[PDB]
Every structure is written in structure tokens, then in C-alpha cells.
């Protein structure tokens, strides 16, 4: 789309050069960043992720991060009213490249080239319906339900950066009014799990996106089962958003507002979910017609020796 780049020295960490577009994408003045530390523009919650990338990197992948727009400066701004400091989602692409000598100190002097590009939500009209143009993204959580993988394609549909979701229990994202129609769903991904690779779809369910709204997800479930421990390892859902959200801006701030009732919610559900995990822990079974071939190589090998025994005896003494 419409990106911008910067060259960072990997010695001290300060940006060194910037494409002109820096301004039109993040509102920053042309040479504003030159000399400043790149991290200063990375949301404190994504710095971990960012380090993780330039550490296991020092096809070429991309990750996500919140960058802060330009509004705050030395003088701030005179005239127009203040500035509610904001951050926006960006796809980043790392690229290390050796820095060119300039004259005529063992130790190669590196250079980081970041190319950041804005991530736009994918919902124009409010309750947007499924169009074959809509993104397909997958998510995976473990036996206990903790999510672990999220296709980058999920950010523009749920407004969650991969690292925001991963580590959270898949459950927290289910409509408390649906926990039931869901429990009966997993109860199936498991039955299906009696066949490696077996897949199947389901009736659109409500997923709590970033900004508080809920959506309708079209899912084609799959999972993997340790064929030696015969336990479900992870469940992964291929997704497509069926019915968009209420608030088209996936990244829009989520407004606080919900309801419940202790004795019939803070436990009715906190308990029903508990049964879902346990029911995922239920050791699947994989029958095989080569079990007879085993228990039978037993009796045959035991006797084939039992005989040798009598022989070694009926002949010896």
C-alpha cells in the first residue's frame, strides 16, 4: 500500500535515514526522527516482540507493532487544539545489510532497514457480510485452551496484533451466551480427531474482536493428536469472518459495558468451560488391525520358545 522506511544503525540504535513518506504515513516531519532512538516510537507493549525479531534475525517474514503518530514535540503545537497521543498498527519488514566503509577495527558494522506499512481494518459497511475478498486466517490453541499461533491475516479482521492474543485462553473470546453451543462443538473436533487430518466446518459462532463488538466466524476445524500419547496436542481453526462487526474500525477503542450475575454466571460458565478443557484432555483412541498382529506375535513367539524349552529339556536330562 503506502509505506515508509528508515535505516537504523545497529550500533546504538538510532534512525539514520527516512523515506520522504514518513510524513504522509505517520504525520512526522521529514527529518524529525533522524538522531532519535527507533524504540521510542514503538508501543511499550510491542517492544518485546520487536526485540524478538531483530534477535532471531541479526522467505523474509513480517510482524506487527503499534507505532505512535506525530503530535508530541519539543513545543507540542500552537494554535490548533492539543493532541491525544495515538498509536497505529503496522506490518514491519526487517532487512539487515552491511554498512559501506567511508575512508582509506575488526568487527562488522551492521545496518537495519525497517520498512513499515499501515494495516487497515477490512470492514467498510457495519455488519459487512462475507465476500470472497474477505481474508482467511488461522488460529491455534493448546489442550488447555491457551492460544499459540495467529496468522498476520487476523489483525485486519479482529484488530488484534498476534502478540496481543497469543497467551490468552481461547475461551475469553466466546459469547458467554454461546459457551454451550461451543462445548458441543469441541465435543466434535475431538470425535473427528479419531482420524488424523479429518476436517469439518460449523455453524457461524460469535467471536469477541478487539473493539468490543462480536463477530460471526466461519470455521473449518482441525487438530493434531500425539499418536503415541494419544492426546490432543493442539486445535487449529481456519477462519473467515462471516458477519462483520458493529463498529467498522476493528482497531477502534473498546467501550466498557456488559452484564452478569454471580451465582448464575461467575460459576455457571467458569464451570462449564472447565468441563471443556477436561473434555479435550480425554484420551482419543485409534484402533488398528495390527493389534492382533501383535498380541498374536506374542502367543506365537512365547510358544515357539515354550517348545524350545521342552526340547532343551526333553533332550537334555
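Numbering follows the first chain given and starts at 1.
- Missing coordinates between residue 58 and residue 59 amount to 10 or more residues of the deposited sequence.
- Coordinates are lacking for 4 to 9 deposited residues between residue 104 and residue 105.
- Set 1 to 9 against 307 to 315 and average the Cα temperature factors; 307 to 315 ends up higher.
- Once the C-alpha B-factors are averaged per stretch, 194 to 202 and 153 to 161 rank with 194 to 202 first.
- In this entry, the residue among 274, 46, 263, 40 with the greatest C-alpha B factor is 263.
- Note on 91, 230, 120, 175: the highest value goes to 175, judged by CA B factor as recorded.
- When the modelled residues of the chain are ordered by their C-alpha B factor, residue 287 lands in the highest third.
- Among the modelled residues of the chain, residue 35 sits in the lowest third by CA temperature factor in this PDB entry.
- In the PDB entry, a CA B factor belonging to the lowest third of its chain's modelled residues is recorded for residue 96.
- Per the deposited record, the Cα B-factor of residue 254 falls in the highest third when ranked against the other modelled residues of its chain.
- Residue-level temperature factors show residue 268 in the highest third of its chain, judged at the C-alpha atom.
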